[PDB]
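Note sheet for the following structure.
Any read-out appearing in this document is the output of simple, stated calculations on the displayed coordinates, not a laboratory observation. Neighbour counts run over all protein chains shown; Cβ positions are idealised from the backbone, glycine included.
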Amino acid sequence: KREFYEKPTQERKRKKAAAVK
Amino acid sequence: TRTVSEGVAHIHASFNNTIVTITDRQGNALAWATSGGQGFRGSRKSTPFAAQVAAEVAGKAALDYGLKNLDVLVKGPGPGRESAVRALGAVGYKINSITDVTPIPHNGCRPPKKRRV
Amino acid sequence: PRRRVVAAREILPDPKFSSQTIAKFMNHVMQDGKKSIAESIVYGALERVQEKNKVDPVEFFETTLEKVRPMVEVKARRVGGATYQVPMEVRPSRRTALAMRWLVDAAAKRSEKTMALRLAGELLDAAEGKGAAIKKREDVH
RNA sequence: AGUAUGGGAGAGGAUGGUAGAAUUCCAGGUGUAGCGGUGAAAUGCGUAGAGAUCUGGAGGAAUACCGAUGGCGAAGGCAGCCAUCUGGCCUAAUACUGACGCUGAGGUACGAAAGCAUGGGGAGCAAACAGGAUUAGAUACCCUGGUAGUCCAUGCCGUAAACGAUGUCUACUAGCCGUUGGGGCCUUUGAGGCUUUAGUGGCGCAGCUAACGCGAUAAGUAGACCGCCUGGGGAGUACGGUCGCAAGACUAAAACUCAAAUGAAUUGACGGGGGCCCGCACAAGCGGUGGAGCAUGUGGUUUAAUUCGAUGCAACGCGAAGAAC
Ligand SMILES: [Mg+2]
Ligand SMILES: [Mg+2]
Ligand SMILES: [Mg+2]
Ligand SMILES: [Mg+2]
Ligand SMILES: [Mg+2]
Ligand SMILES: [Mg+2]
Ligand SMILES: [Mg+2]
């Protein structure tokens, strides 16, 4: 669809941090 | 006519346009219809309203073959994806199976860049 | 309103027949606060209809009114630039209001000597099945 | 601090082979008037036969779920499957040598991406370039094509917000809640529960701090060694020197000018920042304006003057509750 080369690391980490609490 | 009576449906779905194609199980095409034929000619084709119109027009064209057994296969996201189903239900066709056949790439090529505006 | 619901207004029945439907019909016919001329029109139409076939006026009026009543109407609901015409259900008050309005204007389009005579004529025509009021009511469309 | 024995985990590294999905292209079957694209359009493609679908081939790149608060690595970094070679780490105590250790100016090795040289490859994407839109202007954001490059083998370059903006090593100093690899105990009665290590997370006492905050993974209490700083700009710049094919990289000032430049936090204002609420604001109904004739005010033009003010909502039957003198 589009390119995000390394930003999935940021998005996954922040979505995890939100899911923790 | 052919009177095969087992033509499956190929509802191609897209953000900009709606493509409808009904063909036998083997793949030899019988009839097709799109929003462009109706006269929308623009972003109005992207609206879901033309999708059911094109689908029922293709059904009227299929009436000549007298086909009533359908298998609906859809590809791609966007509005108007489900309107064709309601259309082919309203016309009175019978459908054997309903499912999504959208293709997902397993690590395909590099996609284009993101649009800033 | 946004906070509180408003109750409907209560209408006193007409003095002659003590019927609220006739009162609402006269209120719909009345223009510019001239209740007397609308009363005369309605009473003349009712008497002219009664003389053709000797029937109690209020019951005949209700029966010929309910026949032209609609049950559903279309809403303009724009979603993504399309019309999206849709049928809606509405309470009998809204429906009888449109019925009275259609009867009144269809009676007005007719050509006769006075308003009472053309109103009685349209009443009879809509009762028997050839009037324009029933043609105005289209359920399929 | 290190060695030998028996076990464990891991995208650690190098070489080779191999598989699927998807994109593009080449034909073939049926079918065929629009397809593509945008906030709206157009450039572009198509009746030679468009777009969609089915069948068979060619080539290039990456490995969808698993995937995680994961794991490994000195750092940079490492993800399809299998084989060969190889490094480090953890874990139990038995034996062994007996201070064999820490840091480290010069030096040396590794070191994202981009770039350079030689010889191949080139599907998609895409600097430079061309065309169409928008804008007063568009040189750019938007759309349609597209060359270096991105890929492979051998070398050069040695730079990043190369960041935990936190040098390496050692010892001590309340607790609570999760996770990864091991060992021990209790009823492995059941994935269970309790303690000991080696990593990795969230709060928090004392203490520290200008504050934010840190808090056994310290920015606390102490020790050993190295690097680096002395107001802002000039400036990581000139000259010199070393390295490099080049781009350039490293070492590194002064003349001059200013009285400021900064960090954290507080109260307002603003935001083409986000939520909740109210209003004849929307929804429903009735009647008007915008069209015609006339009355009245204003803007423009003319004249000797057409007196002067009021000018988005909040000026325009307004000052004027009344210009023939
Ligand atoms: Mg050393
Ligand atoms: Mg050194
Ligand atoms: Mg640096
Ligand atoms: Mg630094
Ligand atoms: Mg803390
Ligand atoms: Mg220099
Ligand atoms: Mg005035």
Count of residues meeting criterion [within 9 Å of RNA strand D (Cβ to nearest atom), surrounded by 15 or more Cβ atoms within 10 Å (Cβ to Cβ) and more than 14 Å from every other protein chain (Cβ to nearest Cβ)] in region B:20-36: 10
For region B:60-117, what are the residues that are out of contact with any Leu (no Cβ under 8 Å at 6 or more places or on another chain), within 15 Å of B:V8 (Cβ to Cβ) and of a type in the set (S, T, N, Q)? B:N69, B:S97
So which residues in region B:1-19 are within 20 Å of B:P79 (Cα to Cα) and either among the polar types (S, T, N, Q) or near RNA strand D (Cβ under 6 Å from one of its atoms) (or both)? B:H10, B:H12, B:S14, B:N16, B:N17, B:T18, B:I19
Scan of region C:45-74 for residues that are over 11 Å from the mean Cα position of the chain (by Cα) and of a type in the set (S, T, Y), ordered by number: C:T63
Residues of region B:38-70 being part of a loop (DSSP other than H, G, I, E, B), within 14 Å of another protein chain (Cβ to nearest Cβ) and among the hydroxyl-bearing types (S, T, Y), in sequence order, are B:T47
Among residues belonging to region B:1-55 that are among the charged types (D, E, K, R) and out of contact with any strand residue (DSSP E or B) (no Cβ under 8 Å at 6 or more places or on another chain), point out the one that is farthest from B:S83 (Cα to Cα). B:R41
How many residues does region B:74-117 contain that are exposed (fewer than 10 other Cβ atoms within 10 Å of the Cβ), more than 12 Å from RNA strand D (Cβ to nearest atom) and either within 14 Å of chain A (Cβ to nearest Cβ) or in a loop (DSSP other than H, G, I, E, B) (or both)? 1
